[PDB]
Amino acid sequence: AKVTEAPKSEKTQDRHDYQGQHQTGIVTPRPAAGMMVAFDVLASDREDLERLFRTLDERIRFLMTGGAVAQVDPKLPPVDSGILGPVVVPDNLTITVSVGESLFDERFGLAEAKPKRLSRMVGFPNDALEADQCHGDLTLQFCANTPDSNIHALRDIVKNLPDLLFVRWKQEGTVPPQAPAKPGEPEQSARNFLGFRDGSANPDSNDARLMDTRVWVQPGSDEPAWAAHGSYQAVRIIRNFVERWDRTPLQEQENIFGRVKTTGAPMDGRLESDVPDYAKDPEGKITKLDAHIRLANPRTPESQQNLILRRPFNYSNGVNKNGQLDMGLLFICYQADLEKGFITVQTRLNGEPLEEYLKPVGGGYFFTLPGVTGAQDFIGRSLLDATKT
């Protein structure tokens, strides 16, 4: 009724189990709001590094559950920012912790336990990387139903870790919610800021064995033993030239991607779940040879080792000086091998016709730590236990 009255939400009690073999926020169903924040660790020794991960585990445990946060002593600063009121609600919140290559340098003595393919992001030919938006010691992926819940969670982290963490860069994004599909039917993949369904050909996140071979680091693999059940995280802040894209004919938009815009169907199919048959189209008349999906996934037995699980968000910043809207895709994908995953796929995508409307400006390579298995475990414990003494 009244203007400033808060909107009503029925999803404030949405929750996800923080514990598990894997961290949440990868195979977890993606909510409407996301945020990636990169940090630099200011720990002076191993004692401070241990306190950082223990404090991170304690705060994420509470933020992903909720509880009373009213400061009963007004002489002290409030324990909570108060954005969600005196009682914190979960609101589908998940926080995923990933570490970068710079965390495994001379500073912290973790160099021995570095994952094999964890490296520093090198600029691709179409890139225009901004130094203040790249790399970092650590990333925290915030995902919730609303951006305010993510901001409240980021407020909590920096309030409880003001000296051990330095905020490097951040990017918030959303995905457009849709009306519920027919009862018992799967929803469509959310659309990006280019108007296309994004995530249709993603590998089945419900297929556990497929996620074990392509997304999750398996025990017994060549990676260090502590890194089992982890995953490589690739972040790319890609700017969309939306004015020139909206001037492009629809047939050109679909030829560039290889998918019908409205239905999300391939050039030789009818449904979004359909996949193209490149064996029947060797010369690329139905699906162009330089199409986005054809270059990213040629659908050969060798290309199967390059599958990636994408989890992007649509981000929108301000406006530049010549009048163009600064908006694009917060690209996030996960893979058991970063070199085999995003790095090989992006190498195939170098020179694609989609680059006419793309401009990557930030991001980095990080390794998502394995999940917290029990109450006596905490995030990064297996990494700290692998580098003891």
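Each residue number is its position in the shown sequence, starting from 1.
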item	value
Stretch with the higher entry mean CA B-factor, where the candidates are 159 to 167 and 280 to 288	280 to 288
Entry-level comparison of average CA B-factors, 301 to 309 and 119 to 127, reporting the higher stretch	301 to 309
Per the PDB entry, maximal CA B factor within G34, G328, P360, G323	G323
Candidate set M211, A153, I83, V99 [ranked by C-alpha B-factor, highest]	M211
Assigned third (lowest, middle, highest) for the C-alpha B factor of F108	highest
Chain thirds of CA B-factor: placement of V27	middle
For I256, the third of its chain into which the C-alpha B factor falls	lowest
For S231, the third of its chain into which the C-alpha B factor falls	lowest
Chain-relative CA temperature factor third for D91	lowest
